[PDB]
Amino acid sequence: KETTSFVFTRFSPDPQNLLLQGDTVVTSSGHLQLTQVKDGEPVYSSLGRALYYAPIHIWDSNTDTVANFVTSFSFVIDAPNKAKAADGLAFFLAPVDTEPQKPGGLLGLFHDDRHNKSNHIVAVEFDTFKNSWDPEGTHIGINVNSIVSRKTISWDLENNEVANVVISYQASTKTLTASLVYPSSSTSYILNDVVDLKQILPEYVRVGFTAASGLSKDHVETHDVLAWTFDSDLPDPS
């Protein structure tokens, strides 16, 4: 049996147990600022990611076991003009050597808009801009190897409000669940779908966040993570 766990109720400068990629910085208020801010205003065409440094053991070919996990986090998206919000934030699992891909609507996760099994990506996206592959309206999506979500639900961005997210995986039912709550308005969202992690992901992955601002100057927003917990449990064989 193996478990991994971590908690950040806020973030420190130079977090050596996080791998920061692209534009990500830690703010003086202790937030993970994934996309760039300049003179209090979000900057366009910005992309940042942040991964926990240790690989997570998500399944084991030796014992044919698959891990459960649960992650919680708080985030804020602040768009000066909510009608022009872009592009969004995602929580993801990827190969250990994962590097940032294309900006904008591809969210730093994918190189193009196609499905490719060699991506080995599972993600939950909080998508603020309708691209050609998207459903109508802002939405939460479960993504497997593609920016084109397996499943989505409508989600209304509450501009500059704290969102509390929980994402969990139950290996026994192969179900990934994602919920988002805005305590300020008592509004809440949830979806779940079948995702077989053993078939999608390598045995070890890195986990974390990615976010991108829009590719035109008036389609901008901030993407800040305020807090993050993660717990995984790879059980003993049957």
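Residue numbers here begin at 1 and follow the sequence given.
**Q** According to the deposited model, is the average Cα temperature factor higher in 13-21 or in 219-227?
**A** Per the PDB entry, the higher value belongs to 13-21.
**Q** Pick between 114-122 and 73-81: the one whose mean CA B-factor in the entry is higher.
**A** Mean B over CA atoms: larger for 114-122.
**Q** By the CA temperature factor listed in this entry, which of these ranks top: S188, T65, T210, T177?
**A** In this record, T65 carries the highest C-alpha B-factor of the candidates.
**Q** Against its chain's modelled residues, does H57's Cα B factor rank lowest, middle or highest third?
**A** Ranked within chain, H57 CA B lands in the middle tercile.
**Q** Would you mind ranking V166 by its C-alpha B-factor against the rest of the chain and naming the third, lowest, middle or highest?
**A** For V166, the deposited C-alpha B-factor lands in the lowest third.
**Q** Once the chain's modelled residues are ordered by C-alpha B factor and cut into thirds, is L93 in the lowest, middle or highest one?
**A** CA B-factor rank for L93: lowest third.
**Q** Would you check the entry's CA temperature factor for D87 and let me know if it's in the chain's lowest, middle or highest third?
**A** It falls in the bottom third of the chain.
**Q** Taking the C-alpha B-factors as the PDB entry records them, is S149 in the lowest, middle or highest third of its chain?
**A** It falls in the bottom third of the chain.
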